[PDB]
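Trainee: A single structure is presented below for examination.
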Amino acid sequence: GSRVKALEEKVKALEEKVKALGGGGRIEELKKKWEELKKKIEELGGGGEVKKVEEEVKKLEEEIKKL
């Protein structure tokens, strides 16, 4: 029950993609949360509140998918 592990994958994916995005006013936002999210996947341990992280990594996929 690492969670962050199965996350590292998404994040890593939210890195090349988010970065892949031509950017210039659209990724910043998601990139913002992505910054507060990845930081969450880090502390991911002292508390099974991953539900947050995930949901956070989702906001990306969704948007990114729309991006």
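Just remember, in the structure tokens the first chain shown is A, the second B, etc., residues are 1-based per chain, and ligands are 1-based in the order shown.
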As a PyMOL selection string, please: the residues near residue 46 in chain A (cut-off 12 Å, only C-alpha atoms, same-chain neighbours under 3 positions excluded).

Mentor: chain A and resi 1-4+40-43+49-50

Trainee: Pick from A:20, A:6, A:37, A:27: nearest to residue 57 in chain A, with only C-alpha atoms counted?

Mentor: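 Looking at the shortest contact to residue 57 in chain A, the residue is A:37.
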
Trainee: What does the distance between CA of residue 16 in chain A and CA of residue 45 in chain A come to in Å, to one decimal place?

Mentor: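 A separation of 25.2 Å between them.
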
Trainee: If DSSP is run on the backbone, what residues of range 5-64 of chain A are alpha helix (DSSP H)? A reply as a PyMOL selection string would be ideal.

Mentor: chain A and resi 5-20+27-43+50-64

Trainee: Those residues with N, CA and C atoms, as a compact mmCIF listing (two decimals), in the first residue's frame please?

Mentor:
# COMPACT_ATOMS: atom_id res chain seq x y z
N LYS A 5 3.54 4.98 -5.30
CA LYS A 5 4.17 4.17 -6.33
C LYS A 5 3.32 4.19 -7.60
N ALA A 6 2.08 3.73 -7.45
CA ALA A 6 1.16 3.69 -8.57
C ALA A 6 0.91 5.12 -9.06
N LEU A 7 1.30 6.07 -8.24
CA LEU A 7 1.13 7.48 -8.58
C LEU A 7 2.31 7.94 -9.43
N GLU A 8 3.51 7.69 -8.92
CA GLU A 8 4.72 8.08 -9.61
C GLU A 8 4.55 7.90 -11.12
N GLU A 9 3.76 6.89 -11.48
CA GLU A 9 3.50 6.61 -12.88
C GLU A 9 2.67 7.73 -13.51
N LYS A 10 1.54 8.01 -12.86
CA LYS A 10 0.65 9.05 -13.34
C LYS A 10 1.40 10.38 -13.39
N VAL A 11 1.98 10.74 -12.25
CA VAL A 11 2.73 11.98 -12.15
C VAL A 11 3.73 12.06 -13.30
N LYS A 12 4.59 11.06 -13.36
CA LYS A 12 5.61 11.01 -14.40
C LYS A 12 4.95 11.27 -15.76
N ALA A 13 3.73 10.77 -15.89
CA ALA A 13 2.99 10.95 -17.13
C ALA A 13 2.44 12.38 -17.20
N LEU A 14 2.17 12.93 -16.02
CA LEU A 14 1.64 14.28 -15.93
C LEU A 14 2.80 15.27 -16.02
N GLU A 15 3.99 14.73 -16.25
CA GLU A 15 5.18 15.56 -16.35
C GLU A 15 5.55 15.77 -17.82
N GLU A 16 5.65 14.67 -18.54
CA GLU A 16 5.99 14.72 -19.95
C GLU A 16 4.85 15.34 -20.75
N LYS A 17 3.63 15.03 -20.34
CA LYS A 17 2.45 15.55 -21.01
C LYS A 17 2.32 17.05 -20.70
N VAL A 18 2.12 17.34 -19.42
CA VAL A 18 1.98 18.72 -18.99
C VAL A 18 3.05 19.58 -19.66
N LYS A 19 4.25 19.02 -19.73
CA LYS A 19 5.37 19.72 -20.34
C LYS A 19 5.20 19.70 -21.86
N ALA A 20 4.72 18.58 -22.36
CA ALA A 20 4.51 18.43 -23.79
C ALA A 20 3.57 19.53 -24.29
N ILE A 27 -1.47 25.31 -18.90
CA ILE A 27 -0.87 24.26 -18.09
C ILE A 27 -0.53 24.82 -16.71
N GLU A 28 -0.11 26.07 -16.70
CA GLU A 28 0.25 26.73 -15.46
C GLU A 28 -0.66 26.27 -14.33
N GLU A 29 -1.96 26.50 -14.52
CA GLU A 29 -2.94 26.12 -13.53
C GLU A 29 -2.69 24.68 -13.06
N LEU A 30 -3.02 23.74 -13.93
CA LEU A 30 -2.83 22.33 -13.61
C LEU A 30 -1.42 22.12 -13.06
N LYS A 31 -0.47 22.82 -13.67
CA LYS A 31 0.92 22.72 -13.26
C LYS A 31 1.04 23.15 -11.79
N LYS A 32 0.20 24.11 -11.42
CA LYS A 32 0.21 24.62 -10.06
C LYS A 32 -0.15 23.48 -9.09
N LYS A 33 -1.34 22.93 -9.30
CA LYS A 33 -1.82 21.84 -8.46
C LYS A 33 -0.87 20.65 -8.59
N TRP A 34 -0.36 20.47 -9.81
CA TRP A 34 0.55 19.37 -10.08
C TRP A 34 1.75 19.52 -9.14
N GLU A 35 2.02 20.76 -8.77
CA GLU A 35 3.14 21.05 -7.89
C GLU A 35 2.77 20.73 -6.44
N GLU A 36 1.51 20.98 -6.11
CA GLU A 36 1.02 20.72 -4.77
C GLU A 36 0.57 19.27 -4.64
N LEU A 37 0.42 18.62 -5.79
CA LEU A 37 -0.01 17.23 -5.83
C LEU A 37 1.21 16.33 -5.64
N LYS A 38 2.20 16.54 -6.50
CA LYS A 38 3.42 15.75 -6.45
C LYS A 38 4.01 15.84 -5.04
N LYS A 39 3.83 16.99 -4.42
CA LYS A 39 4.34 17.21 -3.08
C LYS A 39 3.54 16.36 -2.09
N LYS A 40 2.33 16.02 -2.50
CA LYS A 40 1.46 15.21 -1.66
C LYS A 40 1.84 13.74 -1.80
N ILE A 41 2.10 13.34 -3.04
CA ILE A 41 2.49 11.97 -3.33
C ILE A 41 3.80 11.65 -2.62
N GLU A 42 4.49 12.71 -2.21
CA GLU A 42 5.76 12.56 -1.52
C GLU A 42 5.52 12.17 -0.06
N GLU A 43 4.73 12.99 0.61
CA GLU A 43 4.42 12.75 2.01
C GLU A 43 3.50 11.53 2.15
N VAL A 50 -4.70 9.55 0.46
CA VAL A 50 -4.28 9.59 -0.93
C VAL A 50 -5.45 10.06 -1.80
N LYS A 51 -6.65 9.71 -1.37
CA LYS A 51 -7.85 10.09 -2.10
C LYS A 51 -7.68 11.50 -2.66
N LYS A 52 -6.92 12.30 -1.93
CA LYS A 52 -6.67 13.67 -2.34
C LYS A 52 -5.72 13.67 -3.54
N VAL A 53 -4.55 13.10 -3.33
CA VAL A 53 -3.55 13.03 -4.39
C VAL A 53 -4.23 12.63 -5.70
N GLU A 54 -4.72 11.39 -5.73
CA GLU A 54 -5.39 10.88 -6.91
C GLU A 54 -6.28 11.96 -7.53
N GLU A 55 -7.33 12.30 -6.80
CA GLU A 55 -8.26 13.32 -7.27
C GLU A 55 -7.50 14.51 -7.84
N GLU A 56 -6.33 14.76 -7.28
CA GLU A 56 -5.49 15.86 -7.73
C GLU A 56 -4.87 15.53 -9.09
N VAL A 57 -4.42 14.29 -9.22
CA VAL A 57 -3.81 13.84 -10.45
C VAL A 57 -4.88 13.71 -11.54
N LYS A 58 -6.12 13.65 -11.08
CA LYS A 58 -7.25 13.52 -12.00
C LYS A 58 -7.51 14.87 -12.67
N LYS A 59 -7.70 15.88 -11.83
CA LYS A 59 -7.96 17.22 -12.32
C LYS A 59 -7.07 17.50 -13.53
N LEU A 60 -5.90 16.87 -13.52
CA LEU A 60 -4.95 17.04 -14.61
C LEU A 60 -5.43 16.26 -15.83
N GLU A 61 -5.37 14.94 -15.71
CA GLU A 61 -5.80 14.08 -16.80
C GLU A 61 -7.01 14.68 -17.52
N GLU A 62 -8.03 14.99 -16.74
CA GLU A 62 -9.24 15.58 -17.29
C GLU A 62 -8.90 16.80 -18.15
N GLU A 63 -8.34 17.80 -17.49
CA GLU A 63 -7.96 19.03 -18.18
C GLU A 63 -6.98 18.72 -19.31
N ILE A 64 -5.87 18.10 -18.94
CA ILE A 64 -4.85 17.74 -19.90
C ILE A 64 -5.50 17.07 -21.11
